[PDB]
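Note that the chains take the letters A, B, C and D in the order they are written out, and that residue 1 is the start of every chain.
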Amino acid sequence: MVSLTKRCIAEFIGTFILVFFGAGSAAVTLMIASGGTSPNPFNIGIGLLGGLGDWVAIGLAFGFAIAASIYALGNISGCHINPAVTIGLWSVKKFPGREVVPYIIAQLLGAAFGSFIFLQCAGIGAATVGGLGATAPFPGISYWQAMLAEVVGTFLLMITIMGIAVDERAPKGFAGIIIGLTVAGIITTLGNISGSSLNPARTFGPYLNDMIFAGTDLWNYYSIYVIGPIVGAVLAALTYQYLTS
Amino acid sequence: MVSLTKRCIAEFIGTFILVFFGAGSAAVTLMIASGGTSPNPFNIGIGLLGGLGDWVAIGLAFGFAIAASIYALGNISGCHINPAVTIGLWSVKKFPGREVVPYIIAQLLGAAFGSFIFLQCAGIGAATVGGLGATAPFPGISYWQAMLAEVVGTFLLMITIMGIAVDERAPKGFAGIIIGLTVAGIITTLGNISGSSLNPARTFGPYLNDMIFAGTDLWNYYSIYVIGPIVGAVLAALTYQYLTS
Amino acid sequence: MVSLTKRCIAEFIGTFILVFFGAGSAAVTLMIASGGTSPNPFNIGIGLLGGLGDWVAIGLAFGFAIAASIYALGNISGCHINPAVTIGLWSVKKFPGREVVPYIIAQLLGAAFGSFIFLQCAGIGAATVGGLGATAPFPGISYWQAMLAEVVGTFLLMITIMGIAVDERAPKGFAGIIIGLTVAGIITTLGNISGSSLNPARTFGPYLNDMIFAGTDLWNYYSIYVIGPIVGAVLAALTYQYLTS
Amino acid sequence: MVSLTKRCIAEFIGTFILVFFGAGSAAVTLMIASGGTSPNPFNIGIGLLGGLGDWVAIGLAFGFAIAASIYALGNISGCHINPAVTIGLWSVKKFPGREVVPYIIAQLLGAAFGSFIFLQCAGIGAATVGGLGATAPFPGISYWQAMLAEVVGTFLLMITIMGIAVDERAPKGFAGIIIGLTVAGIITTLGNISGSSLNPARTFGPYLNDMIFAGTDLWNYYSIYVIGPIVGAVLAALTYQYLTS
């Protein structure tokens, strides 16, 4: 109904909001905790002052921002704001393959830009101390461990999306808040393991800005936040297709 | 349907509740943390004992109070309880320009009064230590940085409002809780940057009482919490008008 | 529709749940924080380890328990589970004066019993250290300050109830969660001031058990948690009657 | 409507998600707090860095995961994902006794597997330090105290389920989020007492993996997390049957 051009602008805004607010809270957490003493290496400083409370706070910053976006942009573009979701939807004939790349590009741009504008609001400390909320494996977590966390996490996100936003029997009006709260929950447990990206674009944004405004190069991890989410999403979409078949 | 006089009383009550409960939680946080040692200057004491957890708690105190007000006063006056929202609504022919000033004045009074009654409940420490939850740029944040944070923040608030309360296709009954939770999320990330006002009246109240009951004069910052929110709201309203056009 | 006898049993259960879970979380908080060092006297130990985060956690324990009860017992007795609400409803011809006392008595009993069973689960430390979550003015808060906090707090609770549960235009199904989240918000800001009772029975339960199983006598404060809530509720009910008249 | 075989797969997935995400957050909390100093023995380290905030965070990780599952798998199998609920439903002619064992077995397997996959993501520290989120009586809590906590807790969970998911008058679409938030609330207060299992399978999973990958043998406690929940659920189901009769 809405032109692909405007739906792409919407996806841009939605992913911008997602990275600005979600990743922003993570960065800010590290900034107000910087200089504190951690009990052990696993605690990189996010759960330093508020324990798991800090992780639920970050998860909620993501969740509420996501819910708000879905309610604001859902009717416009469907508010995927996540490459893995677009692909997941695509994998079960729920989204036109012809629009997959356009959306993904708008998502990637929005994420990059969202991370950039936040970096301007909070100063350079957000990048040099908060790392702009970039998702990377945590201390003691191997490459495949983070991979696994990302597929199980994105699996939950997608199967929830399938059940509450795609299935025709879903309760109207609940998709936005449920999808958001679900992400908040996944981040609460999987955050201190892989950072709980569940979104290739959510990771892309921070990575990019982190490299340009900091001598950082986290790209040797990106594959985790690309393959993991995509595999998790498609697995969920198909699984749900089978269970309701 | 309801007389402008009663809808103004409603706006008064709604903004009173907003400042009393929201700004109140911020003040209280500083009061129970006063005397503690902070890791660095950025942490002014709000995330001292609970990290980002303290910010989500403050955001939720705002959010739940806002949701409650919208459900209690929405049918009466529309529950704008925010000058920027009234103006934003106005900017897209969704509110009578003739009532803009009346509402804004009721909002400003309610906010001032709300801050005043809270100051009486918690004693003068709420003002001399908690600063009554007044929003001011945080340590290391320049004037334009706070400005930017406020427009991006209010942009999200308004576009959400446009999508869930103004658009005729919005899910009935969700506006209240969604708008509230959205504010809670914005405050979680933008709080330790500009205090996350998003509301000229929410700032006015505390500023006023802070000056009268404390040798404080934060008015050299007020422009941030006036221009920032208004610009963000109007930008959001128009953007949403374009995307759905 | 349901017999007064069964609706009284329901009120009993609902208030039992309210005090068991809500007041219980407060007690538990003090128990896991006991032995810690506080920054100042205002911080009695509740915001010691989690700052305001601890207050929102307690507020949510109350809120979620309240929402659950309203969804479980609402259709049975209306789930007042609060003398002030019953009276408030009564004050605007929304509840039979003939049933006011019966409900209030079931609420008082349920609260007393709820506090008693919790005391058995957590041991006597819940009473000697957690005080069973009894609401009393906080350090530096005078008698009238707590009084004021309780009327403003209960005012919000009731006007929300009026708007979302009594008004015929309210969105169906939202009353439970909204009422609950509203209480969670009031407790977040007003908790460290008066303990944020908003409910004569919620206070009665703990007070009683605290006296019987601890040399405590907080009854010289009870009037605050009786008059404050009742005045706040009636004021809200009438105010809402006027604004919608 | 859906084959018992697919509904069993669903129950498997739902309980997997429940244990993976819920119990996972508890384990992670202990891992980021390990090495810290506790105020007293009651605080085993979960409320160490975030106070009660840590408990609400764990409760929410459970709640959001539970809500998401109910929205994703509810239409498929009813999403019991808890032996006590299946039995409770059974006890009031709301579920076929012939399917009770099948569901319970899928739940038990899912829980065991869910705990296993999480153990792989977070490394062995999740088991040797976080105990995989296994529920056991807390310091100073006797066997019958934990038992009581579990029946009162599961009583609330079930009566809420009865009111919002079983009763034909329940508001459509609210069951998922309400059931989830209710669990989050029960865990917030009852967690530091018995760990707040409310689910024989949620306990089984961790116990099993804890024994196999750690010299742990918590099975001398399991009866608490079997009898307690079942008794609480049945008591709630019958009580609700009586009150609405």
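As a working rule, contacts are C-beta pairs under 8 Å (C-beta built on N, C-alpha and C of every residue); 3 or more make two chains touch, one makes a residue touch a chain.
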Comparison of A-C and B-C (more C-beta pairs in contact): B-C
Repeat of the A-D interface, chosen from B-D, A-C or C-D (over half of contact pairs identical by residue number): C-D
Euclidean distance of C-alpha centroids - chain A vs chain C, Å: 38
CA centroid of chain B to CA centroid of chain C, Å: 27
Residues within chain C bordering two or more other chains: 47-51, 53-54, 56-57, 172-174, 177
Chain contact graph, described as a line, ring, star, complete graph or other shape: complete
All chain pairs that touch each other: A-B, A-C, A-D, B-C, B-D, C-D
Chain D to chain C touching residues, read off their complex: 39-40, 42-43, 47-56, 140-141, 145-146, 148-149, 152, 156, 159-160, 162-164, 167, 169-174, 177-178, 181-182, 184-186, 188-190, 192-194, 239-240, 242-244
Of all residues in chain B, those that touch chain D in their complex: 50-51, 53, 57
Footprint of chain C on chain B - complex, ascending: 2, 6, 9-10, 13, 17, 20-22, 24-25, 28-29, 31-36, 46-51, 53-54, 56-58, 60-61, 63-65, 67-69, 71-76, 117, 120-123, 125, 172-174, 176-177
